[PDB]
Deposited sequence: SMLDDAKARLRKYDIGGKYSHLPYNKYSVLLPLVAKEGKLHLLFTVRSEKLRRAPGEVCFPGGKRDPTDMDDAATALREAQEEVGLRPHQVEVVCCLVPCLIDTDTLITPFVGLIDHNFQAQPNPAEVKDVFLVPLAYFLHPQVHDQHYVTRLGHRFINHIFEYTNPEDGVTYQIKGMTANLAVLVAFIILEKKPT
C-alpha cells in the first residue's frame, strides 16, 4: 500500500542511534506524515509571535531535550504533544534521519512519524499560532522566491492563505519528498 511503501523507503535512510550520545546541546524535531484524500502531506506549525526564538516562523514540532526523556525520539513526541495535542498512540516513529549541526555546539535530530487518520490538531496558543498541511509532492516543484536565500511560498487552496517555508525546515521537507516519491510508476 501507500503507507507501507513510505515506511519501507524511509527505513533505508535510518541512521538510528549512531550520533545520539555525542556531547552536544540536543534538540529533536518530528516530521509528521498525514494521509489525506489518497496522498501524503506534512504537518507544519507557525510559531507564536511571543516566543524568544524565531517568533512567527514556520517549523516542524520540536524542542530541547530534558532530563525526563528516555531518548531523542521521546523529546520529539513530548514536544509534539505539548504544541499540538498529538498523543503517543497517534504516532508511529519510523526512523531517524541525518542530524543537523548548528552553531558549533548544537545537534538537531529529525524523526519521521506516521500520524493516525483520526488525529485532529489542537494548537496550544502559547506556542503555536497556526497548524497547516502541505502535500508532499509540492516539495518536488516548489514556488521559489529569493530574499541570496531560497524561500518556498505555499498557498492553501482551501482559504488562499500563503505561508513562507525556509532554512532547515525547507531542507528536511525536500529530503523526505525525495526519499518517498522518487522513481515511482504513476
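In this entry, the deposited residues absent from the coordinate set occupy a single span, 148 to 157.
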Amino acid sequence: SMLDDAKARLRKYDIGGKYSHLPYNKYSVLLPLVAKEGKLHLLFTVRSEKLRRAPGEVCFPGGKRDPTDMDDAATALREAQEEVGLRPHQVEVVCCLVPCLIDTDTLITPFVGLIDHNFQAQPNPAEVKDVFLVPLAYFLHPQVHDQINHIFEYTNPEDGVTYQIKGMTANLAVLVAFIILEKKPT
From here on, numbers count along this sequence of modelled residues.
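Think of the rigid core as the biggest set of C-alphas that the two forms share within 1.5 Å after superposition.
For 50 to 58 versus 27 to 35, the mean Cα distance to the shown form in 7 other deposited structures of this protein after rigid core alignment is larger for 50 to 58. Comparing 58 to 66 with 150 to 158, the stretch with the higher mean C-alpha B-factor in the PDB entry is 150 to 158. Note on 84 to 92 vs 105 to 113: mean CA B-factor is higher in 84 to 92. When the modelled residues of the chain are ordered by C-alpha B-factor, residue 46 sits in the middle third. Ranked by Cα temperature factor within the chain, residue 125 sits in the highest third according to the deposited record. Sorting the modelled residues of the chain by their CA temperature factor places residue 35 in the middle third. In the deposited entry, the Cα temperature factor of residue 176 sits in the bottom third of values across the chain's modelled residues. When all modelled residues of the chain are sorted by CA temperature factor, residue 98 is found within the highest third.
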